[PDB]
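Reproduced below: structure-v2.cif, with mmCIF, C-alpha atoms.
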data_data
loop_
_atom_site.group_PDB
_atom_site.id
_atom_site.type_symbol
_atom_site.label_atom_id
_atom_site.label_comp_id
_atom_site.auth_asym_id
_atom_site.auth_seq_id
_atom_site.Cartn_x
_atom_site.Cartn_y
_atom_site.Cartn_z
ATOM 1 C CA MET A 1 12.773 3.424 -18.412
ATOM 2 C CA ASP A 2 13.631 3.117 -14.719
ATOM 3 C CA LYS A 3 13.020 6.825 -14.131
ATOM 4 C CA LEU A 4 13.550 8.533 -10.774
ATOM 5 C CA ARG A 5 10.883 10.736 -9.192
ATOM 6 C CA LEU A 6 12.474 12.303 -6.112
ATOM 7 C CA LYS A 7 10.476 15.442 -5.323
ATOM 8 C CA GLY A 8 10.558 15.483 -1.531
ATOM 9 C CA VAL A 9 9.137 14.114 1.712
ATOM 10 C CA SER A 10 7.236 16.124 4.321
ATOM 11 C CA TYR A 11 3.877 15.480 5.985
ATOM 12 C CA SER A 12 2.031 15.895 9.284
ATOM 13 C CA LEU A 13 1.227 13.323 11.969
ATOM 14 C CA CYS A 14 -2.033 11.467 12.596
ATOM 15 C CA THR A 15 -3.773 9.644 15.446
ATOM 16 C CA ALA A 16 -5.622 6.486 14.413
ATOM 17 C CA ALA A 17 -5.187 2.709 14.378
ATOM 18 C CA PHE A 18 -5.006 0.691 11.159
ATOM 19 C CA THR A 19 -5.209 -2.996 10.248
ATOM 20 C CA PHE A 20 -5.327 -5.132 7.104
ATOM 21 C CA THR A 21 -8.760 -6.560 6.297
ATOM 22 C CA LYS A 22 -8.532 -7.680 2.670
ATOM 23 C CA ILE A 23 -5.453 -9.789 1.937
ATOM 24 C CA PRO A 24 -3.629 -8.608 -1.213
ATOM 25 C CA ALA A 25 -3.894 -11.011 -4.149
ATOM 26 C CA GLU A 26 -2.826 -10.568 -7.772
ATOM 27 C CA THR A 27 -5.122 -11.539 -10.646
ATOM 28 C CA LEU A 28 -4.897 -12.292 -14.366
ATOM 29 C CA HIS A 29 -4.654 -8.536 -14.918
ATOM 30 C CA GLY A 30 -1.636 -8.386 -12.626
ATOM 31 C CA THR A 31 -3.020 -5.941 -10.073
ATOM 32 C CA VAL A 32 -3.410 -6.164 -6.297
ATOM 33 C CA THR A 33 -5.857 -4.407 -3.977
ATOM 34 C CA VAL A 34 -5.295 -3.272 -0.390
ATOM 35 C CA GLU A 35 -8.025 -2.585 2.165
ATOM 36 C CA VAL A 36 -7.732 -1.650 5.841
ATOM 37 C CA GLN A 37 -9.742 -0.175 8.713
ATOM 38 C CA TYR A 38 -9.513 3.621 8.688
ATOM 39 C CA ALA A 39 -10.407 5.183 12.037
ATOM 40 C CA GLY A 40 -10.339 8.685 13.488
ATOM 41 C CA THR A 41 -11.010 11.506 11.038
ATOM 42 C CA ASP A 42 -12.576 8.903 8.750
ATOM 43 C CA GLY A 43 -11.644 10.987 5.723
ATOM 44 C CA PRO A 44 -12.224 12.178 3.246
ATOM 45 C CA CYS A 45 -8.427 12.265 3.460
ATOM 46 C CA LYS A 46 -5.269 10.620 2.126
ATOM 47 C CA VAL A 47 -4.136 7.477 3.945
ATOM 48 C CA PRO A 48 -0.608 6.038 4.292
ATOM 49 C CA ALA A 49 0.314 3.347 1.767
ATOM 50 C CA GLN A 50 3.710 2.008 0.702
ATOM 51 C CA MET A 51 5.536 -1.207 -0.194
ATOM 52 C CA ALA A 52 9.137 -2.335 -0.667
ATOM 53 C CA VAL A 53 11.358 -5.419 -0.812
ATOM 54 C CA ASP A 54 13.268 -4.409 2.317
ATOM 55 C CA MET A 55 12.298 -2.681 5.564
ATOM 56 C CA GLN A 56 15.596 -1.043 6.520
ATOM 57 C CA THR A 57 15.427 1.268 3.504
ATOM 58 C CA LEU A 58 11.828 0.689 2.421
ATOM 59 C CA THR A 59 12.662 2.414 -0.864
ATOM 60 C CA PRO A 60 9.644 3.609 -2.888
ATOM 61 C CA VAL A 61 8.635 1.063 -5.527
ATOM 62 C CA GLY A 62 5.620 0.000 -7.564
ATOM 63 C CA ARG A 63 3.270 1.833 -9.916
ATOM 64 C CA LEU A 64 0.517 4.357 -9.189
ATOM 65 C CA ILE A 65 -2.951 3.159 -10.189
ATOM 66 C CA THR A 66 -5.165 5.063 -7.752
ATOM 67 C CA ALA A 67 -5.660 8.815 -8.123
ATOM 68 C CA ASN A 68 -6.702 9.937 -4.642
ATOM 69 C CA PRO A 69 -8.778 7.458 -2.594
ATOM 70 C CA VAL A 70 -10.443 9.021 0.448
ATOM 71 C CA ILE A 71 -13.069 8.075 3.030
ATOM 72 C CA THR A 72 -16.314 9.814 2.080
ATOM 73 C CA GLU A 73 -18.528 7.825 4.448
ATOM 74 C CA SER A 74 -19.361 9.482 7.769
ATOM 75 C CA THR A 75 -20.012 6.373 9.861
ATOM 76 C CA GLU A 76 -17.194 4.694 11.783
ATOM 77 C CA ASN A 77 -15.152 1.614 10.877
ATOM 78 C CA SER A 78 -15.220 2.834 7.274
ATOM 79 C CA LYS A 79 -12.815 1.171 4.841
ATOM 80 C CA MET A 80 -11.875 1.652 1.186
ATOM 81 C CA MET A 81 -10.234 -0.375 -1.583
ATOM 82 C CA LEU A 82 -7.146 0.651 -3.555
ATOM 83 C CA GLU A 83 -5.315 -0.365 -6.730
ATOM 84 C CA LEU A 84 -1.670 -1.456 -6.733
ATOM 85 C CA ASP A 85 0.588 -2.844 -9.460
ATOM 86 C CA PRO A 86 4.042 -3.691 -8.045
ATOM 87 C CA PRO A 87 6.932 -5.207 -10.042
ATOM 88 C CA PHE A 88 7.686 -8.910 -10.477
ATOM 89 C CA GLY A 89 9.098 -9.959 -7.119
ATOM 90 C CA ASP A 90 8.345 -9.687 -3.407
ATOM 91 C CA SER A 91 7.226 -6.620 -1.454
ATOM 92 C CA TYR A 92 5.760 -5.708 1.934
ATOM 93 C CA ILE A 93 2.590 -3.608 1.891
ATOM 94 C CA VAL A 94 2.509 -1.326 4.932
ATOM 95 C CA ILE A 95 -0.195 0.998 6.251
ATOM 96 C CA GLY A 96 0.196 3.774 8.803
ATOM 97 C CA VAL A 97 3.224 4.285 11.035
ATOM 98 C CA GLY A 98 3.669 3.691 14.752
ATOM 99 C CA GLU A 99 3.974 0.910 17.321
ATOM 100 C CA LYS A 100 0.945 -1.022 16.074
ATOM 101 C CA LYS A 101 2.205 -0.924 12.486
ATOM 102 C CA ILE A 102 0.922 -3.513 10.012
ATOM 103 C CA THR A 103 2.619 -5.372 7.161
ATOM 104 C CA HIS A 104 2.065 -8.306 4.806
ATOM 105 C CA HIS A 105 4.116 -10.954 3.000
ATOM 106 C CA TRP A 106 3.780 -10.452 -0.755
ATOM 107 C CA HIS A 107 6.054 -12.834 -2.659
ATOM 108 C CA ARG A 108 6.054 -13.871 -6.319
ATOM 109 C CA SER A 109 7.590 -17.044 -7.749
ATOM 110 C CA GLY A 110 7.678 -17.757 -11.472
ATOM 111 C CA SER A 111 10.513 -16.334 -13.558
ATOM 112 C CA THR A 112 13.545 -17.358 -15.614
ATOM 113 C CA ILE A 113 15.946 -14.410 -15.616
ATOM 114 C CA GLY A 114 17.755 -14.285 -12.287
ATOM 115 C CA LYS A 115 17.878 -10.491 -12.198
#

Could you express the structure from this file as structure tokens?
Amino acid sequence: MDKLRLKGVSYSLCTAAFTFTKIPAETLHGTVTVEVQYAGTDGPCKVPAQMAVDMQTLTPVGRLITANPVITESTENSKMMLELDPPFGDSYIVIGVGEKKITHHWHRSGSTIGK
């Protein structure tokens, strides 16, 4: 348990604006979905998606439910849904990097063991 998957980090840059459209909400299953407005290339391509308790470090956390969601549609203002299953706590879902970055306030309250 608590394994570490540190392969490496290295990607190219993009040029498109992003914004949250579907607020993340957990269900009985314990999974949250994230949807935003993908502009520019409009896929099919991989979009930026990450979440962490802090911003300074923004360490990689959460589980991987989706395989490889991409924008197949050709039209503009095309969006897609994703599957996320973070741990029991509070994170900050972020999409795309830049000046017009976007984040949310995902907090969970309902436990007994204080870490």

I need the output of the PyMOL selection byres ((chain A and resi 106) around 8) for this file as JSON, numbers by chain; which residues are they? {"A": [24, 90, 91, 92, 93, 104, 105, 107, 108]}

Residue IDs satisfying the PyMOL selection byres ((chain A and resi 28-37) around 6), as a PyMOL selection string: chain A and resi 18-22+24-27+38+79-85

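Here the question is which of A:74, A:41, A:66, A:111 gets nearest to residue 17 of chain A using all atoms listed in the file, and that residue is A:41.
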
Polymer residues at most 12 Å from residue 113 of chain A, only C-alpha atoms, same-chain spacing of 2 or more positions, as a ChimeraX atom specification: /A:88-89,109-111,115

Which residues match the PyMOL selection byres ((chain A and resi 43) around 6) in the file above, as a PyMOL selection string? chain A and resi 41-42+44-45+70-71

Counting all atoms listed in the file, which residues have an atom no more than 10 Å from (3.6, 2.6, 10.2) in the file's coordinates? Please list them as a list in words.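 Looking at atoms near the point gives residues 17, 18, 48, 49, 50, 94, 95, 96, 97, 98, 99, 100, 101, 102 and 103 of chain A.
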
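Closest approach to residue 64 of chain A among A:86, A:2, A:78, A:52 is made by A:86 (distances from only C-alpha atoms).
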
Using all atoms listed in the file, find the one residue out of A:11, A:87, A:40, A:6 that sits nearest to residue 61 of chain A. A:87

Report the distance between atom CA of residue 69 of chain A and atom CA of residue 3 of chain A in Å, rounded to one decimal place. 24.7 Å

Using only C-alpha atoms, find the one residue out of A:68, A:59, A:15, A:112 that sits nearest to residue 39 of chain A. A:15

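Going from atom CA of residue 114 of chain A to atom CA of residue 23 of chain A covers 27.6 Å.
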
Between atom CA of residue 58 of chain A and atom CA of residue 9 of chain A, distance in Å (one decimal):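 Taking atom CA of residue 58 of chain A as the start and atom CA of residue 9 of chain A as the end point, the length is 13.7 Å.
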
Padded axis-aligned box of segment 80-85 of chain A (4 Å per side), centre and edge lengths, Å, one decimal, as lines of an AutoDock Vina configuration file:
center_x = -5.6
center_y = -0.6
center_z = -4.1
size_x = 20.5
size_y = 12.5
size_z = 18.6

So, counting all atoms listed in the file, which residue among A:1, A:14, A:46, A:7 is closest to residue 67 of chain A?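 Under the stated criterion, the closest residue is A:46.
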